[PDB]
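Computation of the quantities below employed the complete heavy-atom set of this structure, encompassing side-chain atoms and omitting hydrogens, waters and symmetry-equivalent molecules. Naming convention: chains lettered A, B, ... in sequence-line order (proteins, then strands); numbering from 1 in each chain.
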Amino acid sequence: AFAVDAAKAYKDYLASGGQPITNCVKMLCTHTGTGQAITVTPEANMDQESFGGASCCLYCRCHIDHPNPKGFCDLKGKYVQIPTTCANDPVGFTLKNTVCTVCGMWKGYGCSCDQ
Amino acid sequence: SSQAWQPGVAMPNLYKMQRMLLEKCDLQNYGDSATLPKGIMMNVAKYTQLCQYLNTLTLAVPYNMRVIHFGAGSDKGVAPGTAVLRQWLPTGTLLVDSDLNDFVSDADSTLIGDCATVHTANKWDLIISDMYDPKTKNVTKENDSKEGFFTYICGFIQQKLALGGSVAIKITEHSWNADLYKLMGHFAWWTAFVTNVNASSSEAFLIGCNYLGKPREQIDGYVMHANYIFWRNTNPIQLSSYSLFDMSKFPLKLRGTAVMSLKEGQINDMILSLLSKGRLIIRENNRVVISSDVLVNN
Ligand SMILES: Nc1ncnc2c1ncn2[C@@H]1O[C@H](CSCc2cc(C(=O)O)cc(-c3ccc(O)cc3)c2)[C@@H](O)[C@H]1O
Ligand SMILES: [Zn+2]
Ligand SMILES: [Zn+2]
């Protein structure tokens with residue numbers, strides 16, 4: 001029944017005041033994009049930075065297995081938009097937040113379906 | 001330097017025609033740095049300016065474009081250049097990258113190990129190499145043509161580059177190869193391109209544009225590298241990151257270039273002309289299959 005829980009292990013090391021994973025690959029872009037969370041090319045808006053997806057995935061970066069039956073990674077080969085105020089920890093951000101299934105923005109940082 | 005607003009500077013044609021002898025490279029602006037946009041890394045800026053320059057050439061851009069990228073890992077285990085190439089290339093382009101050392105990548109597929117262990121069934125439309133061995137930069141001894149990975153690269157161009165395809169291969173003062181220069185004469189056009197963000201370094205990309213599979217031009221590789229060093233020695237390039245701030249026209253244009261499969265007897269001067277203007281790719285269009293050799297021992 002044993003499984004290693006790396007997501008929980010990284011959140012716990014952030015909580016105790018640990019230095020976030022570095023060297024996520026930040027892209028040059030117009031910063032006039034749609035602002036959606038995970039896209040096929042950089043889509044940062046004025047408030048976002050764009051990163052290459054693989055470099056922002058905990059499982060890719062730690063060389064461990066992705067937590068689903070298929071084994072697949074939904075960041076690798078794409079670009080992830082991070083709010084500029086959170087860009088010091090893109091791995092932490094993607095791990096902790098959720099993408100809206102209807103509008104494609106981050107729940108809580110751009111999704112407007114709830115009012 | 002109206003050059004400061006370009007992505008970089010290409011070796012002018014009159015320097016290509018010289019017969020200089022090899023000198024030591026001594027760059028005026030050595031040790032200067034460009035000021036990069038906040039939090040942007042040198043290899044993102046470098047590959048962006050390289051792609052911006054490639055946007056001005058007659059690259060063939062088919063549907064099902066196939067690009068392979070050698071020397072793509074960083075000492076931090078990611079692939080910044082590969083991320084820029086995926087941004088630049090049309091959505092759906094097949095991108096394979098490789099490096100001696102383990103790294104995680106945005107490429108469709110990645111092979112780890114010495115590049116000589118890499119085999120591919122298919123041919124490619126564009127080959128990018130960043131491979132560099134820092135042991136070559138020993139100033140204390142004679143600057144002869146280097147082999148290592150350059151021997152693989154020349155073989156790979158001759159055997160696995162589609163006609164009409166293009167290459168961009170990193171060189172420096174000491175990391176260079178005479179046969180690779182000779183091969184530049186097998187394209188319709190060639191240059192040595194220096195990015196403005198890294199203009200304080202002797203690195204350049206040897207860019208072959210539209211491969212013809214035969215000598216259009218006879219090039220002595222020892223003379224041409226001497227000519228390249230002469231150009232660099234007498235033409236200081238002002239460091240500049242200006243072109244990084246305007247990305248509105250960055251993506252490679254989807255030209256829908258035609259792909260045809262032809263036995264080599266059918267390559268006439270009319271085919272050659274279409275190759276030469278970036279209007280034709282010649283290769284098959286089967287499945288892309290790659291592999292890595294594994295040595296077994298105790
Ligand atoms: N035969 C091969 N097959 C497959 N891949 C290969 C092969 N040969 C090289 N590479 C790969 O090319 C990629 C780009 S080298 C970038 C670089 C630039 C500079 C510089 O000028 O400042 C200094 C160093 C350096 C310094 C100290 C070290 O200890 C190691 C490196 C490295 C690397 O990731 C290499 O692994
Ligand atoms: Zn992943
Ligand atoms: Zn929504």
Side-chain angles (χ1 to χ4, degrees), chain A residues 25 27-28 52 77, chain B residues 7-8 10 41-62 65-74 78-90 93-100 103 105-112 115 118 120 122-133 149-150 152-162 164-172 175-177 180 183-184 187 189-195 197-198 203-211 250-252 278 281 283 288 290:
Chain A
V25 178
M27 311 313 291
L28 289 166
Chain B
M41 282 324 107
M42 172 59 78
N43 271 77
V44 172
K46 185 195 292 192
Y47 277 59
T48 300
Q49 279 184 339
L50 171 63
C51 291
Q52 282 172 339
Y53 181 68
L54 294 172
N55 279 337
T56 73
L57 307 181
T58 57
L59 295 188
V61 190
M65 193 176 183
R66 301 165 172 182
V67 180
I68 188 166
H69 180 203
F70 297 99
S74 73
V78 293
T82 293
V84 175
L85 290 176
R86 215 150 158 99
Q87 180 187 8
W88 180 60
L89 295 161
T93 302
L94 277 204
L95 181 60
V96 169
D97 65 7
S98 174
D99 192 296
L100 182 81
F103 68 105
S105 163
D106 291 301
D108 297 303
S109 188
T110 300
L111 298 177
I112 306 303
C115 61
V118 174
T120 71
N122 55 321
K123 291 188 179 184
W124 300 84
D125 304 323
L126 177 67
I127 298 167
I128 310 292
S129 175
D130 203 20
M131 293 190 287
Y132 174 69
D133 182 356
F149 65 69
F150 287 109
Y152 178 79
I153 289 299
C154 309
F156 196 95
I157 290 174
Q158 271 163 333
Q159 302 177 8
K160 300 295 178 179
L161 184 62
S166 277
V167 307
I169 314 298
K170 179 200 201 301
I171 63 165
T172 68
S175 184
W176 69 279
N177 169 288
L180 182 59
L183 265 176
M184 292 298 112
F187 299 70
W189 190 78
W190 79 275
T191 194
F193 174 74
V194 177
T195 67
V197 293
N198 202 24
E203 94 165 356
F205 296 80
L206 274 190
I207 295 174
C209 188
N210 307 130
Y211 185 53
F250 180 71
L252 178 55
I281 283 288
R283 61 163 166 81
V288 174
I290 65 174

Validation row: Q87(B), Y47(B) side chains within 4.5 angstrom (heavy atoms): no

Evaluation steps, side chain to side chain contact (heavy atoms under 4.5 Å, CB included), between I207(B) and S166(B): CA-CA 7 Å; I207(B) 295 174; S166(B) 277; 6.0 Å; no

Evaluation steps, ring pair (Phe, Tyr, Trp, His ring centres under 6.0 Å), between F70(B) and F149(B): CA-CA 10 Å; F70(B) 297 99; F149(B) 65 69; 9.9 Å; no

Passing option when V67(B) is tested against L95(B), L94(B), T82(B), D108(B) for side chain to side chain contact (heavy atoms under 4.5 Å, CB included): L95(B)

Chi angles and distances behind the side chain to side chain contact (heavy atoms under 4.5 Å, CB included) call for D99(B), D130(B): CA-CA 9 Å; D99(B) 192 296; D130(B) 203 20; over 6 Å; no

Side-chain heavy-atom pair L206(B), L183(B) within 4.5 angstrom cut-off: no

Nearest heavy atoms of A72(B) and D97(B), plus distance in Å: CB-CB, 3.7 Å

Spacing of CD1 belonging to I169(B) relative to CD1 belonging to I153(B), to within rounding of 0.5 Å: 5.0 Å

Intermediate values then yes/no, side chain to side chain contact (heavy atoms under 4.5 Å, CB included), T191(B) and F205(B): CA-CA 8 Å; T191(B) 194; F205(B) 296 80; over 6 Å; no

Side-chain heavy atoms of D133(B) within contact of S175(B), under 4.5 Å: no

Sidechain-backbone polar pair: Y152(B) side chain, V118(B) backbone, donor-acceptor under 3.5 Å: yes

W88(B) side chain reached by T48(B) side chain, heavy atoms, under 4.5 Å: no

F156(B) and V167(B), any side-chain heavy atoms less than 4.5 Å apart: no

Aromatic ring pairing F193(B)/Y53(B), orientation class (parallel under 30°, perpendicular over 60°, tilted between): parallel

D125(B) vs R283(B), side chain to side chain contact (heavy atoms under 4.5 Å, CB included): CA-CA, chis, key distance, verdict: CA-CA 9 Å; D125(B) 304 323; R283(B) 61 163 166 81; 2.7 Å; yes

Heavy-atom check, side chain of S74(B) versus side chain of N43(B), under 4.5 Å: no

Pairwise side-chain contact, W189(B) with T58(B), heavy-atom cut-off 4.5 Å (strictly under): no

Side chain proximity check, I128(B) to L126(B), heavy atoms < 4.5 angstrom: yes

Pairwise distance CE(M65(B)) to CD1(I281(B)) - rounded to 0.5 angstrom: 7.5 Å

